[PDB]
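Residue numbers (UniProt numbering), protein chains in the order written: chain A, 105 to 155; chain B, 2 to 51; chain C, 2 to 89; chain D, 4 to 125.
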Amino acid sequence: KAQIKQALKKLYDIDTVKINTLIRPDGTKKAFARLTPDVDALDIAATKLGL
Amino acid sequence: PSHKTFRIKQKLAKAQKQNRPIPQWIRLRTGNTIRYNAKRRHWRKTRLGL
Amino acid sequence: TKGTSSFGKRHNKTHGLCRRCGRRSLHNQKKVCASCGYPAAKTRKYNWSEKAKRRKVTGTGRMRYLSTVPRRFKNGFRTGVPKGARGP
Amino acid sequence: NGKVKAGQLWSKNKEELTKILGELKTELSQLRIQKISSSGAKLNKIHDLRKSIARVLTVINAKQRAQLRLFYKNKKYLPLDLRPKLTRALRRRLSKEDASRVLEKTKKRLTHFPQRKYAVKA
RNA sequence: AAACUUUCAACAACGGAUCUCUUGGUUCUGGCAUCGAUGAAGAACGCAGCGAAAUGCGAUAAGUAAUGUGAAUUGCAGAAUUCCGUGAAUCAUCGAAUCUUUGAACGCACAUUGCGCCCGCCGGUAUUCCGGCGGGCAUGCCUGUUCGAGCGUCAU
RNA sequence: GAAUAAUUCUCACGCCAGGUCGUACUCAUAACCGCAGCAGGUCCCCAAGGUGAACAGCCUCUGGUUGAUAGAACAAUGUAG
RNA sequence: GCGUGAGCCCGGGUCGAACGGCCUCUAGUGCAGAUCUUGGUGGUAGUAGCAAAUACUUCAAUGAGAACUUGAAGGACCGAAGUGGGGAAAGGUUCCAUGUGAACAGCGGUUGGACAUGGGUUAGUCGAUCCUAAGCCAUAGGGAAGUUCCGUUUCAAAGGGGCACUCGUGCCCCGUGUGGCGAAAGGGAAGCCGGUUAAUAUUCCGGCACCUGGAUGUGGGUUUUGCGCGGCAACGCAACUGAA
RNA sequence: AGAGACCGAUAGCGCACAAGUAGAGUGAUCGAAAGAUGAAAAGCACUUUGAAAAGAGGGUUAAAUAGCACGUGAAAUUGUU
RNA sequence: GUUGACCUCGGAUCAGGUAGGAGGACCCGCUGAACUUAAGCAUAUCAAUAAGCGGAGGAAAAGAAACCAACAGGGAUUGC
Ligand SMILES: [Zn+2]
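As structure tokens, then:
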């Protein structure tokens, strides 16, 4: 989790407050990241081509 | 069981990946002989040793 | 109850995966492999069966390093680069 | 663009090399994001990018490797990876300089009675 | 007289013998001497534009660099080059590199992706705490270095 | 260890952080072991109303099933009552 | 057609790439049997049989096709030491959605734990991680030609605590020592309620809490009699120095 | 690397093929079956019956008496005349 | 008393080094059977072999006589 949080800041300049992880049945790790309330998600997803 | 170890988890992941039919072009390549998968597994037929 | 009745009482494992041969032959209570002899320094091997010997001998695996010595010997274990090369 | 050619990469130094290395990673990461939900001719770029990075990596490593080989020369001890590797058995034979030394008494006889070049008539 | 059982022929069925073939075996002869702590043989997990197996490779991952040849690959798509030179290829050769987790396996252990210690750099008020990065910590023995034990023992 | 402050007060309030792996579903007259979707075997937790001495036997509520190849006739000999 | 005979030669049909006569040489050289070896196929035969666990019925819909698909309405069983609601070992995607030819579900099948394509398992508070039990294995040593057997405190020179520099180097104290593994049912720091998804929740959302570790400030307390007062007492309170 | 008075898919090594693979046993270990369309896929457009699988016409080829159950196609055994 | 030597036994993540494993067709050693033959069987034979253990190379081992002989004497070792 420490590496994931630091990496996100250096790539997308976004800050988080909580990160959860799990290991899928196929063998890859999926990470949920929640953003600070002062920033909205949708626009960042569109700006960074998410959805 | 719901209690597993990382090694047992890892083995199950690989054993799940290698069980699906052959893609389609492979039977349309020049000088090919494969017909149907010869190493199909099924959870209610044959257990391999973990 | 000598047979069928007493087969439903089996739900324990006497062997597990071995770290050195990947075979399920690690005795759980003894903690020695019944095929490779782990944790002994040297690998189990016996001459009263040569079928079992051939099943694990040189040339039945990837051979990541040994399979490139024939070429190096033929060429004389040299070093350097051809005169006309580039990149220094 | 396209693949970076191996010909120009040799005439550089570490500063541009690391900038080119750094930038290349950026487009590769982002261009991958497009791959999800859309398939196109851009997929070809993904293969070209990865392959280009490999070339630049080897060049930086090779340039660095050559530099310190010169530095450690004319020295008795040098790192284990820069020492020549032939064979475990081949690194332990006696050197030809020492496998050819002889004793004074053996040398004394051979200086005055060596093998000669004779012939016999019939 | 039909039906049924039996025999033979023609055609049609079940099954894979016979005939011909062979990038496969077996035997003999000839040449050569090359694994490993600079981490071997073996094992596990991964890598393709579209792949499960076989074959190949290791986060530089269906391969990189360098030399030679000289116009492809091919199941589909897509591009690449085009001949000046700035060079296709699952090509051939191969002298430079990369080489995950393990394995004689080496910090202590392992039915655990468990628990430690030392040095340096970067953040958080920080020599002592937390996080990130790099380099290290096995046993037997030999030669030398340095620090020590002994009324074993020498001279003041 | 103080006399203009000193304080090593287990009192109240206030600041920062808490790494790694498992988590789906069955647990059985079809998901385990018996060559199988086999009347066999396999460790536990919660436990309503009535009759009644009672977790006995018999009927019911919550909850769950209506799944085991079918149609027609009623001879011998059977199996069970 | 020939020969007493093992056999040889020809006519007709099918088929598609090699093959014979004569004299010598050579051998893994001639089949009905061996409860012979491998493979294939019959009579029995559309026969034995598909009979434990009380049981089904009417209307409508989908569909080429309905006793064993769905909805509604009846009639029944399990009868809380359940055919209920959850778990340990074991299983390994069997969970959910959409669609479906053949094969499987010892009858059928539009249905399925079968087939094809996608999705699904979030923790400082639940466990593992920590400690030892029965027991296993290194170290000092002694056996054995040797793979290795014994040995676990033993005839061992076996450690750990503090401080300061200019700084790593330097100083000062205590010592018989006394290693690792071994429990998802033993010992053990800390989380509850309400809601949400086709599929997860003491984890996700809202509210209200708790434990451990680390640096620090304000309020209050104590002190010029330097480290608090009260109750006869059992004792009380928001604090109220304590190294070997 | 070169050869044979060797064997020719029940033979020759257990393996001419994704073979020390699939599969069995808790384990040491045990361990198979499976080669051939045609010179070239030119691997059957289109019409019509059928819910579909498929059938009948019509096509490619020297031959479909070669149609991915594919060279040649014997006997046991079966159907029609 | 102080100081400086010697001998034996130790510490150090001191400087520099080296062995384990694989392969084992051929080679050098140790340990070591029984089936079978004798028409029974115990010495004997199978056999100074199979299985087990240790150690190397492209070859290994042996080798320049405390030899053979009894001759008018030969002259390291290895193989046919
Ligand atoms: Zn093993």
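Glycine residues also receive a C-beta, built at the ideal position from the N, C-alpha and C atoms.
Sufficient close CB pairs (3 or more, under 8 Å) joining the segment 14-22 of chain C to the segment 33-44 of chain C
yes
Got a sec: does ligand 1 put a non-hydrogen atom nearer than 8 Å to the Cβ of residue 1/B?
Coverage of chain B is limited to positions 2 through 51, which leaves residue 1/B absent and any answer about it impossible.
For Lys124/D, which residues in the same chain have their Cβ closer than 7 Å to its Cβ, ignoring the five residues on either side in sequence?
Taking the fourth sequence and counting its residues from 1, the one referred to as residue 124/D is at position 121. Excluding residues within five positions, none has a Cβ falling inside 7 Å.
Report the three-state DSSP secondary structure of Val121/A (helix, strand or coil).
To locate residue 121/A, count along the first sequence from 1; it is residue 17. Three-state DSSP puts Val121/A in a strand.
So is the beta-carbon of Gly38/C under 8 Å away from any non-hydrogen atom of ligand 1?
As a position in the third sequence, residue 38/C is number 37, starting the count at 1. Yes, the beta carbon of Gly38/C sits closer than 8 Å to at least one heavy atom of ligand 1.
When the Cα atoms are used, what is the spatial distance from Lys3/C to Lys10/B?
Taking the third sequence and counting its residues from 1, the one referred to as residue 3/C is at position 2. Taking the second sequence and counting its residues from 1, the one referred to as residue 10/B is at position 9. Approximately 36 Å, taken between the alpha carbons.
Under a Cβ-count criterion, where at least 16 other Cβ atoms within 10 Å of its own Cβ denotes burial, should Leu146/A be classed as buried or exposed?
To locate residue 146/A, count along the first sequence from 1; it is residue 42. Answer is exposed; the Cβ neighbour count stays below 16.
Given a threshold of 16 other Cβ atoms within 10 Å of its Cβ, counted over all protein chains shown, does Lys48/D qualify as buried or as exposed?
The residue labelled residue 48/D in the question sits at position 45 within the fourth sequence. Buried is the call here.
Would you say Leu13/B faces chain C, with C-beta separation under 9 Å as the test?
The residue given as residue 13/B occupies position 12 in the second sequence. No, because no Cβ of chain C sits closer than 9 Å to the Cβ of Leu13/B.
For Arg8/B, return the contacting residues in chain C, with the cut-off set at a CB-CB distance below 8 Å.
Counting from one through the second sequence, the residue named residue 8/B turns up at place 7. Here the neighbours are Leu18.
Close-in-space but distant-in-sequence residues of the same chain around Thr140/A (CB under 8 Å, 5 per side omitted)
Numbered from its first residue, the first sequence carries residue 140/A at position 36. The beta carbon of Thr140/A lies closer than 8 Å to those of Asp119, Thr120, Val121 in the same chain, with the five residues before and after it left out.
Nearest CA to the CA of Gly131/A: which residue from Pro24/B, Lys12/B, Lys40/B?
Along the first sequence, one-based indexing puts residue 131/A at 27. Checked all of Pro24/B, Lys12/B, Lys40/B; the closest Cα to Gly131/A is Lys12/B.
In angstroms, rounded to a whole number, what distance separates the CA positions of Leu153/A and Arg58/D?
Along the first sequence, one-based indexing puts residue 153/A at 49. Along the fourth sequence, one-based indexing puts residue 58/D at 55. About 29 Å.
Whose CA, out of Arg63/C, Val33/C, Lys52/C, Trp49/C, lies closest to the CA of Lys43/C?
Counting from 1 along the third sequence, the entry for residue 43/C is found at position 42. Looking at the Cα atoms, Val33/C is the closest of the given residues.
Please report the Cβ distance between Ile148/A and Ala135/A, rounded to the nearest whole angstrom; I am assuming they are in contact, meaning their Cβ atoms lie under 8 Å.
Taking the first residue of the first sequence as 1, we reach residue 148/A at position 44. Taking the first residue of the first sequence as 1, we reach residue 135/A at position 31. 16 Å between Cβ atoms; not a contact.
Are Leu20/D and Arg53/D closer than 9 Å when you measure CB to CB?
For the purposes of this step, residue 20/D is identified with residue 17 of the fourth sequence, where counting begins at 1. For the purposes of this step, residue 53/D is identified with residue 50 of the fourth sequence, where counting begins at 1. Not in contact: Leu20/D and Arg53/D (Cβ atoms no closer than 9 Å).
Listing by chain order, which chain D residues have their CB less than 8 Å from the CB of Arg55/C?
The residue you call residue 55/C lines up with position 54 of the third sequence. By Cβ distance, chain D contributes nothing, its closest Cβ being about 27 Å from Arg55/C, past 8 Å.
In whole angstroms, give me the CA-to-CA distance for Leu97/D and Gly77/C.
Taking the first residue of the fourth sequence as 1, we reach residue 97/D at position 94. Taking the first residue of the third sequence as 1, we reach residue 77/C at position 76. The straight-line gap from Cα to Cα measures roughly 19 Å.
If you run the structure through DSSP and keep just helix, strand and coil, what is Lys78/D?
Here the question's residue 78/D lines up with position 75 in the fourth sequence. Note: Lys78/D maps to coil in three-state DSSP.
Endpoints, the alpha helix (DSSP H) within which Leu13/B is located:
Counted from its first residue, the second sequence places residue 13/B at position 12. Where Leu13/B is concerned, the enclosing alpha helix (DSSP H) stretches over 7-18.
For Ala16/B versus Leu49/B, is the C-beta spacing smaller than 9 Å?
What you label residue 16/B is simply residue 15 of the second sequence in a count that begins at 1. What you label residue 49/B is simply residue 48 of the second sequence in a count that begins at 1. The answer is yes: Cβ separation under 9 Å.
With 16 other Cβ atoms within 10 Å as the buried cut-off, status of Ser55/D
Locating residue 55/D in the fourth sequence gives position 52, counting from the first residue. Buried, since its Cβ has 16 or more Cβ neighbours within 10 Å.
For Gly131/A and chain B, any beta-carbon pair shorter than 9 Å?
Reading the first sequence from its first residue, position 27 is the one you call residue 131/A. With 9 Å as the cut-off, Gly131/A counts as an interface residue toward chain B.
Which stretch, first to last residue, makes up the beta strand (DSSP E) that contains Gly17/C?
On the third sequence, position 16 is the one that residue 17/C refers to. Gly17/C -> beta strand (DSSP E) spans 16-18.
Spatial neighbours of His28/C in its chain, beta-carbon cut-off 8 Å, leaving aside the 5 residues before and after:
On the third sequence, residue 28/C is found 27 positions in, with the first residue counted as 1. So the qualifying residues of the chain are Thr15, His16, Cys34, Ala35.
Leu60/D to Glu18/D, Cα distance in whole Å?
One-based indexing of the fourth sequence puts residue 60/D at position 57. One-based indexing of the fourth sequence puts residue 18/D at position 15. When rounded, the distance between both Cα atoms is 13 Å.
Following a CB-centred definition, is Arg21/C positioned closer than 8 Å to any heavy atom of ligand 1?
The count along the third sequence starts at 1 and reaches residue 21/C at position 20. For ligand 1, at least one heavy atom lies less than 8 Å from the Cβ of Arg21/C.
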